[PDB]
Amino acid sequence: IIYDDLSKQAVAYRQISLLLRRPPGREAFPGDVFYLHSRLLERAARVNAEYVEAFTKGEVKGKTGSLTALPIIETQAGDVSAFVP
Amino acid sequence: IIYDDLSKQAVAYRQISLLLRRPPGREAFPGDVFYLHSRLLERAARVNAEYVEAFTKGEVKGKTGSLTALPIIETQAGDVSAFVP
Amino acid sequence: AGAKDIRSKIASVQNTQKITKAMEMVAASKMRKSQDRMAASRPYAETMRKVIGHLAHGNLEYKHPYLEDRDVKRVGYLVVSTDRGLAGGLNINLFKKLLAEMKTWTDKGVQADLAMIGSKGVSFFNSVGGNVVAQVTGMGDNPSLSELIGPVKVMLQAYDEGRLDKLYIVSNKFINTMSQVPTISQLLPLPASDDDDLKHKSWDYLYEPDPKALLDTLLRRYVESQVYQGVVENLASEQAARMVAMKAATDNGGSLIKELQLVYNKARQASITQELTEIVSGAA
């Protein structure tokens with residue numbers, strides 16, 4: 001799975017958040033701008049065969065699934081040291 | 001008297017003010033944080049012998065009293081411009 | 001940090017870039033003048049060497065000490081160095097080459113001896129502990145032969161007095177504007193050119209008063225002239241080196257402005273954001 005820009009997702013979330021009057025933090029991003037990307041990217045996982053068995057009610061045996069993520073981030077002026085990057 | 005990090009009394013007072021919903025000033029510090037430290041530090045004084053005689057009701061004559069203060073402040077990145085320093 | 005400190009630093013770096021640009025211009029003009037003063041010096045040495053060539057080992061010859069390869073028991077060096085810094089690696093490349101060769105000579109048990117032109121080498125070899133016996137300093141960009149007479153007099157006197165057995169001049173050679181090379185080269189005993197004055201068979205000089213007294217002064221004046229030419233080439237090389245050093249320094253200042261300005265813009269934006277957020281989210 002490829003997220004074409006997770007900088008623009010952060011900007012759209014900042015919009016939705018400021019329109020709800022929520023106090024902003026650094027660079028005017030909300031407090032939970034970390035949790036936004038954390039709970040997303042933490043799903044790109046690899047899971048052992050017991051999880052696949054239990055989830056699929058025993059239809060699939062011995063295989064392990066996975067989801068590989070390549071998020072893309074855009075950095076202004078080569079700054080790898082800004083709040084969202 | 002050596003007050004250790006009066007820059008940490010200012011933060012305790014900021015917490016107390018922001019919880020009582022008082023108008024935040026610069027860096028969210030309350031308005032009267034100057035008046036907090038001013039009336040603390042203006043107690044370090046040298047008093048003349050007549051004030052000491054009047055205070056001790058004649059028990060001590062001809063001696064001056066004195067209190068010396070050495071408050072400590074911490075400046076982040078050499079910034080002496082911040083509200084507390 | 002903060003917009004104001006960074007703006008002050010950007011201002012100071014731009015000022016530095018101004019200064020180094022000016023020093024590059026000045027060094028270029030002085031390089032031109034010094035490599036004219038260099039070319040003006042050739043005819044004297046070039047004709048004096050032909051005179052000596054005819055008189056010393058031509059169709060007749062003489063037995064002057066400065067012409068014979070006697071046994072080396074100790075060596076002397078004349079070291080040319082700048083009086084001014086900011087010349088790049090010039091002086092230190094030269095001094096390292098000199099130390100590398102003096103190392104060999106002292107390994108063989110032969111001592112070494114030094115006479116210094118310019119103050120940079122004086123200070124350096126005082127710091128290393130070399131044996132310096134004569135010096136002249138503060139010639140700046142106005143070298144004159146009447147100042148070089150002393151230190152070369154010391155070395156010639158010590159040569160024919162038997163206290164040296166070989167004499168070198170160590171100096172930089174101005175080759176091309178972008179390239180300069182350090183060289184140690186010998187000037188006593190006289191190195192043997194391939195010029196053939198066998199064609200001069202057709203004549204000989206009238207010597208007033210006699211040839212032996214004339215060959216001596218010719219050789220001394222020739223050594224003094226070669227030392228002067230070395231000094232002047234080293235001066236043109238100092239200028240051609242300071243020019244490129246200051247060009248590089250101006251480009252480095254320019255490449256540093258472009259980073260300070262990114263830091264500055266980031267600080268400006270952060271300050272606007274923090275102030276405006278404090279106001280708005282403080283109200284109500």
# chains A, B, ... in the order shown; residues from 1 in each chain; ligands from 1
call {"tool": "select_by_dssp", "arguments": {"residues": "range 31-140 of chain C", "states": "strand (DSSP E)", "output": "PDB file with N, CA and C atoms, in the first residue's frame"}}
result
ATOM      1  N   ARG C  74      78.637  19.538   5.158  1.00  0.00           N
ATOM      2  CA  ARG C  74      77.430  20.201   5.626  1.00  0.00           C
ATOM      3  C   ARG C  74      76.911  21.115   4.531  1.00  0.00           C
ATOM      4  N   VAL C  75      75.630  21.442   4.632  1.00  0.00           N
ATOM      5  CA  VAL C  75      74.892  22.111   3.571  1.00  0.00           C
ATOM      6  C   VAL C  75      74.280  23.388   4.122  1.00  0.00           C
ATOM      7  N   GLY C  76      74.062  24.354   3.235  1.00  0.00           N
ATOM      8  CA  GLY C  76      73.344  25.565   3.575  1.00  0.00           C
ATOM      9  C   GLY C  76      72.168  25.771   2.644  1.00  0.00           C
ATOM     10  N   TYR C  77      71.107  26.355   3.180  1.00  0.00           N
ATOM     11  CA  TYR C  77      69.898  26.640   2.425  1.00  0.00           C
ATOM     12  C   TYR C  77      69.532  28.106   2.570  1.00  0.00           C
ATOM     13  N   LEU C  78      69.061  28.697   1.480  1.00  0.00           N
ATOM     14  CA  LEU C  78      68.429  30.006   1.506  1.00  0.00           C
ATOM     15  C   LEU C  78      66.943  29.800   1.269  1.00  0.00           C
ATOM     16  N   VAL C  79      66.125  30.166   2.248  1.00  0.00           N
ATOM     17  CA  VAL C  79      64.701  29.869   2.226  1.00  0.00           C
ATOM     18  C   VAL C  79      63.936  31.156   1.985  1.00  0.00           C
ATOM     19  N   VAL C  80      63.109  31.160   0.949  1.00  0.00           N
ATOM     20  CA  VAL C  80      62.256  32.290   0.617  1.00  0.00           C
ATOM     21  C   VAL C  80      60.854  31.987   1.110  1.00  0.00           C
ATOM     22  N   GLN C 111      75.619  18.182   8.704  1.00  0.00           N
ATOM     23  CA  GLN C 111      74.750  19.187   9.285  1.00  0.00           C
ATOM     24  C   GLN C 111      74.037  19.955   8.179  1.00  0.00           C
ATOM     25  N   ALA C 112      73.147  20.852   8.589  1.00  0.00           N
ATOM     26  CA  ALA C 112      72.448  21.736   7.669  1.00  0.00           C
ATOM     27  C   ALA C 112      72.418  23.126   8.279  1.00  0.00           C
ATOM     28  N   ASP C 113      72.238  24.128   7.426  1.00  0.00           N
ATOM     29  CA  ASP C 113      72.278  25.510   7.872  1.00  0.00           C
ATOM     30  C   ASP C 113      71.269  26.310   7.067  1.00  0.00           C
ATOM     31  N   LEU C 114      70.728  27.361   7.680  1.00  0.00           N
ATOM     32  CA  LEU C 114      69.610  28.091   7.099  1.00  0.00           C
ATOM     33  C   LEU C 114      69.822  29.594   7.179  1.00  0.00           C
ATOM     34  N   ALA C 115      69.390  30.293   6.133  1.00  0.00           N
ATOM     35  CA  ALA C 115      69.239  31.740   6.137  1.00  0.00           C
ATOM     36  C   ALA C 115      67.873  32.073   5.558  1.00  0.00           C
ATOM     37  N   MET C 116      67.159  32.989   6.201  1.00  0.00           N
ATOM     38  CA  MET C 116      65.731  33.163   5.975  1.00  0.00           C
ATOM     39  C   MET C 116      65.435  34.488   5.292  1.00  0.00           C
ATOM     40  N   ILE C 117      64.675  34.424   4.207  1.00  0.00           N
ATOM     41  CA  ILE C 117      64.055  35.590   3.593  1.00  0.00           C
ATOM     42  C   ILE C 117      62.572  35.546   3.931  1.00  0.00           C
ATOM     43  N   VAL C 132      69.176  28.744  12.242  1.00  0.00           N
ATOM     44  CA  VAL C 132      69.074  29.931  11.403  1.00  0.00           C
ATOM     45  C   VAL C 132      70.182  30.889  11.802  1.00  0.00           C
ATOM     46  N   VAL C 133      70.982  31.312  10.826  1.00  0.00           N
ATOM     47  CA  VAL C 133      72.158  32.123  11.100  1.00  0.00           C
ATOM     48  C   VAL C 133      72.035  33.548  10.583  1.00  0.00           C
ATOM     49  N   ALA C 134      71.202  33.801   9.581  1.00  0.00           N
ATOM     50  CA  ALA C 134      70.990  35.152   9.090  1.00  0.00           C
ATOM     51  C   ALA C 134      69.580  35.250   8.541  1.00  0.00           C
ATOM     52  N   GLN C 135      69.010  36.448   8.607  1.00  0.00           N
ATOM     53  CA  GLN C 135      67.658  36.643   8.118  1.00  0.00           C
ATOM     54  C   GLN C 135      67.473  38.079   7.669  1.00  0.00           C
ATOM     55  N   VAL C 136      66.546  38.257   6.736  1.00  0.00           N
ATOM     56  CA  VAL C 136      66.038  39.568   6.364  1.00  0.00           C
ATOM     57  C   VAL C 136      64.531  39.448   6.240  1.00  0.00           C
TER      58      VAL C 136
END
call {"tool": "interface_residues", "arguments": {"of": "chain C", "to": "chain A", "cutoff": "8 Å", "atoms": "only C-alpha atoms", "output": "list in words"}}
result
residues 262, 270, 273, 277 and 281 of chain C
call {"tool": "write_last_selection", "arguments": {"atoms": "C-alpha atoms", "output": "PDB file, in the first residue's frame"}}
result
ATOM      1  CA  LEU C 262      16.964  28.846   5.351  1.00  0.00           C
ATOM      2  CA  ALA C 270       7.987  29.893  13.821  1.00  0.00           C
ATOM      3  CA  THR C 273       3.021  31.262  14.377  1.00  0.00           C
ATOM      4  CA  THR C 277      -1.423  31.413  18.381  1.00  0.00           C
ATOM      5  CA  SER C 281      -5.972  30.967  21.847  1.00  0.00           C
TER       6      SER C 281
END
call {"tool": "select_by_dssp", "arguments": {"residues": "range 9-83 of chain A", "states": "alpha helix (DSSP H)", "output": "list in words"}}
result
residues 9, 10, 11, 12, 13, 14, 15, 16, 17, 18, 33, 34, 35, 36, 37, 38, 39, 40, 41, 49, 50, 51, 52, 53, 54 and 55 of chain A
call {"tool": "atom_distance", "arguments": {"atom1": "CA of residue 167 in chain C", "atom2": "CA of residue 188 in chain C"}}
result
4.9 Å
call {"tool": "residues_around", "arguments": {"residues": "residue 1 in chain B", "least_positions_apart": "2", "cutoff": "12 Å", "atoms": "only C-alpha atoms", "output": "list in words"}}
result
residues 3, 4, 40, 41, 43, 44, 45, 66, 67, 68, 69, 70, 71 and 72 of chain B
